[PDB]
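final-v7.pdb, holding PDB, C-alpha atoms:
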```pdb
MODEL        1
ATOM      1  CA  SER A   1      14.900   3.694 -12.598  1.00  0.00           C
ATOM      2  CA  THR A   2      11.498   5.053 -11.516  1.00  0.00           C
ATOM      3  CA  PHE A   3       9.888   4.469  -8.114  1.00  0.00           C
ATOM      4  CA  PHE A   4       6.529   5.699  -6.816  1.00  0.00           C
ATOM      5  CA  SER A   5       5.427   6.647  -3.306  1.00  0.00           C
ATOM      6  CA  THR A   6       1.724   6.104  -4.108  1.00  0.00           C
ATOM      7  CA  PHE A   7       0.077   3.395  -6.212  1.00  0.00           C
ATOM      8  CA  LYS A   8      -3.622   2.520  -6.070  1.00  0.00           C
ATOM      9  CA  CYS A   9      -5.962   0.704  -8.463  1.00  0.00           C
ATOM     10  CA  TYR A  10      -9.729   0.746  -8.067  1.00  0.00           C
ATOM     11  CA  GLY A  11     -11.624  -1.369 -10.604  1.00  0.00           C
ATOM     12  CA  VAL A  12      -9.006  -4.107 -10.956  1.00  0.00           C
ATOM     13  CA  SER A  13      -6.475  -6.085  -8.923  1.00  0.00           C
ATOM     14  CA  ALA A  14      -2.824  -5.082  -9.180  1.00  0.00           C
ATOM     15  CA  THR A  15      -1.630  -8.665  -9.786  1.00  0.00           C
ATOM     16  CA  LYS A  16      -3.779  -9.087 -12.931  1.00  0.00           C
ATOM     17  CA  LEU A  17      -2.570  -6.127 -15.015  1.00  0.00           C
ATOM     18  CA  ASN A  18      -0.265  -8.316 -17.140  1.00  0.00           C
ATOM     19  CA  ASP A  19      -3.039 -10.597 -18.471  1.00  0.00           C
ATOM     20  CA  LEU A  20      -5.466  -7.847 -19.554  1.00  0.00           C
ATOM     21  CA  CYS A  21      -6.122  -5.591 -22.537  1.00  0.00           C
ATOM     22  CA  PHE A  22      -7.301  -2.021 -21.978  1.00  0.00           C
ATOM     23  CA  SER A  23      -9.535   0.240 -24.069  1.00  0.00           C
ATOM     24  CA  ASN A  24      -9.965   4.027 -24.179  1.00  0.00           C
ATOM     25  CA  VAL A  25      -6.825   4.762 -22.172  1.00  0.00           C
ATOM     26  CA  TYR A  26      -6.128   8.330 -21.030  1.00  0.00           C
ATOM     27  CA  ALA A  27      -3.535   9.928 -18.748  1.00  0.00           C
ATOM     28  CA  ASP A  28      -3.755  13.172 -16.761  1.00  0.00           C
ATOM     29  CA  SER A  29      -0.858  15.100 -15.222  1.00  0.00           C
ATOM     30  CA  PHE A  30      -0.458  17.916 -12.694  1.00  0.00           C
ATOM     31  CA  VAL A  31       1.520  18.993  -9.619  1.00  0.00           C
ATOM     32  CA  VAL A  32       0.443  19.399  -5.986  1.00  0.00           C
ATOM     33  CA  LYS A  33       2.106  19.448  -2.569  1.00  0.00           C
ATOM     34  CA  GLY A  34       2.514  16.437  -0.313  1.00  0.00           C
ATOM     35  CA  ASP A  35      -0.397  17.166   2.020  1.00  0.00           C
ATOM     36  CA  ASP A  36      -2.764  17.376  -0.981  1.00  0.00           C
ATOM     37  CA  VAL A  37      -2.008  13.965  -2.530  1.00  0.00           C
ATOM     38  CA  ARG A  38      -4.526  12.175  -0.294  1.00  0.00           C
ATOM     39  CA  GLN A  39      -7.317  14.206  -1.934  1.00  0.00           C
ATOM     40  CA  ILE A  40      -6.826  12.429  -5.303  1.00  0.00           C
ATOM     41  CA  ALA A  41      -9.405   9.698  -4.752  1.00  0.00           C
ATOM     42  CA  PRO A  42     -13.169   9.257  -5.188  1.00  0.00           C
ATOM     43  CA  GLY A  43     -15.407  10.646  -2.465  1.00  0.00           C
ATOM     44  CA  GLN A  44     -12.998  13.262  -1.101  1.00  0.00           C
ATOM     45  CA  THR A  45     -13.541  16.836   0.063  1.00  0.00           C
ATOM     46  CA  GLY A  46     -11.070  19.712   0.176  1.00  0.00           C
ATOM     47  CA  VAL A  47      -9.702  22.519  -1.944  1.00  0.00           C
ATOM     48  CA  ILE A  48      -8.235  20.248  -4.634  1.00  0.00           C
ATOM     49  CA  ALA A  49     -11.290  18.004  -4.934  1.00  0.00           C
TER      50      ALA A  49
ATOM     51  CA  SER B   1      12.012   2.191  23.949  1.00  0.00           C
ATOM     52  CA  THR B   2      10.784   1.005  20.535  1.00  0.00           C
ATOM     53  CA  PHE B   3       8.262   2.785  18.303  1.00  0.00           C
ATOM     54  CA  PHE B   4       6.967   1.679  14.898  1.00  0.00           C
ATOM     55  CA  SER B   5       5.796   3.794  11.971  1.00  0.00           C
ATOM     56  CA  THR B   6       3.855   0.844  10.495  1.00  0.00           C
ATOM     57  CA  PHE B   7       1.792  -1.886  12.160  1.00  0.00           C
ATOM     58  CA  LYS B   8      -0.914  -3.965  10.480  1.00  0.00           C
ATOM     59  CA  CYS B   9      -2.456  -7.279  11.541  1.00  0.00           C
ATOM     60  CA  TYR B  10      -4.496  -9.330   9.106  1.00  0.00           C
ATOM     61  CA  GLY B  11      -6.156 -12.462  10.516  1.00  0.00           C
ATOM     62  CA  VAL B  12      -6.692 -11.146  14.043  1.00  0.00           C
ATOM     63  CA  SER B  13      -7.773  -7.969  15.817  1.00  0.00           C
ATOM     64  CA  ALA B  14      -5.165  -5.812  17.530  1.00  0.00           C
ATOM     65  CA  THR B  15      -7.102  -5.657  20.826  1.00  0.00           C
ATOM     66  CA  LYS B  16      -7.157  -9.472  21.160  1.00  0.00           C
ATOM     67  CA  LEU B  17      -3.410 -10.186  21.065  1.00  0.00           C
ATOM     68  CA  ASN B  18      -3.073 -10.195  24.870  1.00  0.00           C
ATOM     69  CA  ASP B  19      -5.652 -12.985  25.357  1.00  0.00           C
ATOM     70  CA  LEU B  20      -4.539 -15.575  22.769  1.00  0.00           C
ATOM     71  CA  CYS B  21      -1.966 -18.340  22.365  1.00  0.00           C
ATOM     72  CA  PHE B  22      -0.012 -18.707  19.123  1.00  0.00           C
ATOM     73  CA  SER B  23       1.409 -21.775  17.374  1.00  0.00           C
ATOM     74  CA  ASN B  24       4.158 -22.102  14.755  1.00  0.00           C
ATOM     75  CA  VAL B  25       5.535 -18.587  15.146  1.00  0.00           C
ATOM     76  CA  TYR B  26       8.203 -17.373  12.712  1.00  0.00           C
ATOM     77  CA  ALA B  27       9.905 -14.016  12.146  1.00  0.00           C
ATOM     78  CA  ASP B  28      11.393 -12.603   8.931  1.00  0.00           C
ATOM     79  CA  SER B  29      13.867  -9.706   8.812  1.00  0.00           C
ATOM     80  CA  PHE B  30      15.230  -7.531   5.998  1.00  0.00           C
ATOM     81  CA  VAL B  31      15.761  -3.910   4.928  1.00  0.00           C
ATOM     82  CA  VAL B  32      14.095  -1.825   2.205  1.00  0.00           C
ATOM     83  CA  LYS B  33      13.833   1.857   1.349  1.00  0.00           C
ATOM     84  CA  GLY B  34      10.924   3.963   2.535  1.00  0.00           C
ATOM     85  CA  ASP B  35       9.008   3.942  -0.748  1.00  0.00           C
ATOM     86  CA  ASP B  36       9.067   0.117  -0.830  1.00  0.00           C
ATOM     87  CA  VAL B  37       7.363  -0.521   2.528  1.00  0.00           C
ATOM     88  CA  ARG B  38       3.900  -0.250   0.955  1.00  0.00           C
ATOM     89  CA  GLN B  39       4.702  -3.369  -1.101  1.00  0.00           C
ATOM     90  CA  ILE B  40       4.951  -5.576   2.030  1.00  0.00           C
ATOM     91  CA  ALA B  41       1.302  -6.633   1.987  1.00  0.00           C
ATOM     92  CA  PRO B  42      -0.829  -9.334   0.315  1.00  0.00           C
ATOM     93  CA  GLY B  43      -1.946  -8.628  -3.231  1.00  0.00           C
ATOM     94  CA  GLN B  44       0.734  -6.055  -4.095  1.00  0.00           C
ATOM     95  CA  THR B  45       2.864  -5.656  -7.215  1.00  0.00           C
ATOM     96  CA  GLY B  46       6.290  -4.137  -7.796  1.00  0.00           C
ATOM     97  CA  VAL B  47       9.942  -5.083  -7.802  1.00  0.00           C
ATOM     98  CA  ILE B  48       9.934  -6.100  -4.127  1.00  0.00           C
ATOM     99  CA  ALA B  49       6.743  -8.158  -4.372  1.00  0.00           C
TER     100      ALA B  49
ENDMDL
END
```

Any chance you could give the structure as C-alpha cells?
Amino acid sequence: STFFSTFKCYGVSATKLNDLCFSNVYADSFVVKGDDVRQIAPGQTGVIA
Amino acid sequence: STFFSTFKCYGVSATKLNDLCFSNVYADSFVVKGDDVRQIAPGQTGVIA
C-alpha cells in the first residue's frame, strides 16, 4: 500500500534492519512543502533547520 | 535528442568514459514508477530491490 519518495538511514545500513533489535525508539511527525524536505538532515541551514 | 533525469556511474569517473575501452558490456531494460527509481542502486532496500 504505502510508498515513500525519500528514505535515508544514517547510523546503520538499510539491508541490515531485519537482523537487529532497537532500543529507545521514538517517532516525530510534521508537514512541510516539497522544497523544504531537503533541509531534514544533519548539518543543514535554512528556515526549517 | 535524448535527455536523462538520472545518471550515476560507480566504478569509473564520468570524464574518463571517452578515453577507455570496455569489455563484457551488457544492458538491462525495464520500467518502474518515479518513486521507485531511487531503489536502483547498490545497498538499497524496498520492494523493487

Residues of chain A near chain B: apply a cut-off of 7 Å, count all atoms listed in the file, and supply the list as a compact mmCIF listing (two decimals) with C-alpha atoms, in the frame of the given file.
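Dumped to out_25.txt:
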```txt
# COMPACT_ATOMS: atom_id res chain seq x y z
CA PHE A 4 6.53 5.70 -6.82
CA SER A 5 5.43 6.65 -3.31
CA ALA A 14 -2.82 -5.08 -9.18
CA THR A 15 -1.63 -8.66 -9.79
```

| query | Between atom CA of residue A:7 and atom CA of residue A:48, what is the spacing in Å? | reply | 18.9 Å

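As for atom CA of residue A:13 and atom CA of residue A:25, they are spaced 17.1 Å apart.
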
| request: Give me, please, the distance in Å between atom CA of residue B:3 and atom CA of residue B:33, quoted to one decimal. | output: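 Between atom CA of residue B:3 and atom CA of residue B:33 the gap works out to 17.9 Å.
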
Chain B on chain A, least-squares, complete ordered Cα pairing, as an mmCIF file with C-alpha atoms, in the coordinates of the input:
```
data_model
loop_
_atom_site.group_PDB
_atom_site.id
_atom_site.type_symbol
_atom_site.label_atom_id
_atom_site.label_comp_id
_atom_site.auth_asym_id
_atom_site.auth_seq_id
_atom_site.Cartn_x
_atom_site.Cartn_y
_atom_site.Cartn_z
ATOM 1 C CA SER B 1 14.703 3.769 -12.718
ATOM 2 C CA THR B 2 11.312 5.024 -11.495
ATOM 3 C CA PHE B 3 9.818 4.473 -8.035
ATOM 4 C CA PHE B 4 6.448 5.668 -6.728
ATOM 5 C CA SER B 5 5.436 6.595 -3.188
ATOM 6 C CA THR B 6 1.732 6.096 -4.017
ATOM 7 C CA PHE B 7 -0.029 3.496 -6.166
ATOM 8 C CA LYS B 8 -3.698 2.523 -5.918
ATOM 9 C CA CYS B 9 -5.919 0.721 -8.429
ATOM 10 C CA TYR B 10 -9.681 0.741 -8.047
ATOM 11 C CA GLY B 11 -11.641 -1.378 -10.541
ATOM 12 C CA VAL B 12 -8.996 -4.065 -11.034
ATOM 13 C CA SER B 13 -6.506 -6.088 -9.004
ATOM 14 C CA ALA B 14 -2.819 -5.213 -9.169
ATOM 15 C CA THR B 15 -1.747 -8.809 -9.913
ATOM 16 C CA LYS B 16 -3.958 -8.994 -13.035
ATOM 17 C CA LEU B 17 -2.560 -6.035 -14.997
ATOM 18 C CA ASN B 18 -0.134 -8.203 -16.999
ATOM 19 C CA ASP B 19 -2.895 -10.447 -18.418
ATOM 20 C CA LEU B 20 -5.485 -7.892 -19.603
ATOM 21 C CA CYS B 21 -6.147 -5.602 -22.561
ATOM 22 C CA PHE B 22 -7.311 -2.023 -22.015
ATOM 23 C CA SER B 23 -9.544 0.244 -24.104
ATOM 24 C CA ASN B 24 -9.910 4.037 -24.141
ATOM 25 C CA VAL B 25 -6.785 4.783 -22.121
ATOM 26 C CA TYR B 26 -6.119 8.367 -21.013
ATOM 27 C CA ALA B 27 -3.496 9.976 -18.773
ATOM 28 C CA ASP B 28 -3.769 13.147 -16.671
ATOM 29 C CA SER B 29 -0.776 15.074 -15.308
ATOM 30 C CA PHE B 30 -0.399 17.878 -12.758
ATOM 31 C CA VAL B 31 1.496 18.902 -9.612
ATOM 32 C CA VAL B 32 0.335 19.318 -6.004
ATOM 33 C CA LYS B 33 1.992 19.594 -2.608
ATOM 34 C CA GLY B 34 2.536 16.559 -0.418
ATOM 35 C CA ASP B 35 -0.399 17.178 1.917
ATOM 36 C CA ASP B 36 -2.806 17.347 -1.053
ATOM 37 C CA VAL B 37 -2.074 13.904 -2.537
ATOM 38 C CA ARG B 38 -4.595 12.237 -0.213
ATOM 39 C CA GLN B 39 -7.357 14.223 -1.952
ATOM 40 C CA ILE B 40 -6.749 12.459 -5.306
ATOM 41 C CA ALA B 41 -9.285 9.696 -4.697
ATOM 42 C CA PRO B 42 -13.046 9.172 -5.162
ATOM 43 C CA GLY B 43 -15.278 10.561 -2.440
ATOM 44 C CA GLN B 44 -12.826 13.128 -1.045
ATOM 45 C CA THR B 45 -13.349 16.751 -0.029
ATOM 46 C CA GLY B 46 -11.009 19.731 0.115
ATOM 47 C CA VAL B 47 -9.750 22.564 -2.035
ATOM 48 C CA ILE B 48 -8.206 20.232 -4.628
ATOM 49 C CA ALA B 49 -11.255 17.970 -4.879
#
```

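Of the listed residues (A:26, A:18, A:12, A:6), A:6 comes nearest to residue A:41; the distances count all atoms listed in the file.
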